[PDB]
């Protein structure tokens, strides 16, 4: 009854994801795969010190054959891409090689895709693997949504568990905040502000969204890489799956009619469980929000159609 998570890519993202998981105690077994076998052995050696400190996760450097019994394969590997276009091509090539090797092992679990552009690469994984959409999941806007709630929690001086807001769309420039669905406790945000934040403005809220949208940029400009944040997001998603939570997370999943979208992976609130994505939830959007969501879909499709038939 043991669980196993395989991590492809032991760069900053994969290694931080591994370390978050070991400290949170989410899976029984974690297998690390990457190109440089000697290096990956070193990565596993450094990571494999949890047991004598009360963190029982077993961690080792493996190969694609170890995916056969894996519940989840998390892909963090990628190219390291001057232009966005060049990078997507390079990453699509990398993903074909990775996904083919995973499927060749007999793997029949769930893919989590972390590598950017995450929506495009989640779609790639779905195409390359031949798996049902429910079992191929991009991290999507999970982190954007977390940041959105965290900033609102600070703005309202209330527990983040009582902030209810989503970021939808591409994980990137065309993401949108769904203000029409944003609630503080059970009340629409505007009503809550009328009562408890009377000096608050639409300016403040717009600034909050800009802070979310540009967070990675502002981290990267200071320390040259980001990884801890997405690691926490990936661990959250992994727990929803392994613990069969049936909880709502904004992940990248395949549209098959929802929001009048089709044939695109995009970030939407979705029910996540041991089944993967059970349902892409359709929430009511105002006209401007729906327009922004379709713009984001169109944007993604313009990246996808040069790569996929």
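Numbering follows the first chain given and starts at 1.
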>> I'd like to know the size of any gap between residue 80 and residue 81, counted in deposited residues with no coordinates: none, 1 to 3, 4 to 9, or 10 or more.
In response: 1 to 3
> Looking at the entry, does 148-156 or 215-223 show the higher mean C-alpha B-factor?
Replying inline: 215-223
>> Per the record, averaged over C-alpha atoms, which has the higher B-factor: 83-91 or 96-104?
In response: 83-91
> Which one of 230, 205, 72, 137 shows the top CA temperature factor in the record?
Replying inline: 205
>> Using the temperature factors of the C-alpha atoms in this entry, rank residue 297 within its chain: lowest, middle or highest third.
In response: middle
> Taking the C-alpha B-factors as the PDB entry records them, is residue 187 in the lowest, middle or highest third of its chain?
Replying inline: middle
>> Which third, lowest, middle or highest, does the C-alpha temperature factor of residue 124 belong to within its own chain?
In response: middle
>> Quick check for you: using the entry's CA B-factors within this chain, is residue 25 in the lowest, middle or highest third?
In response: middle
>> Considering every modelled residue of the chain and its Cα B-factor in the PDB entry, is residue 57 in the lowest, middle or highest third?
In response: middle
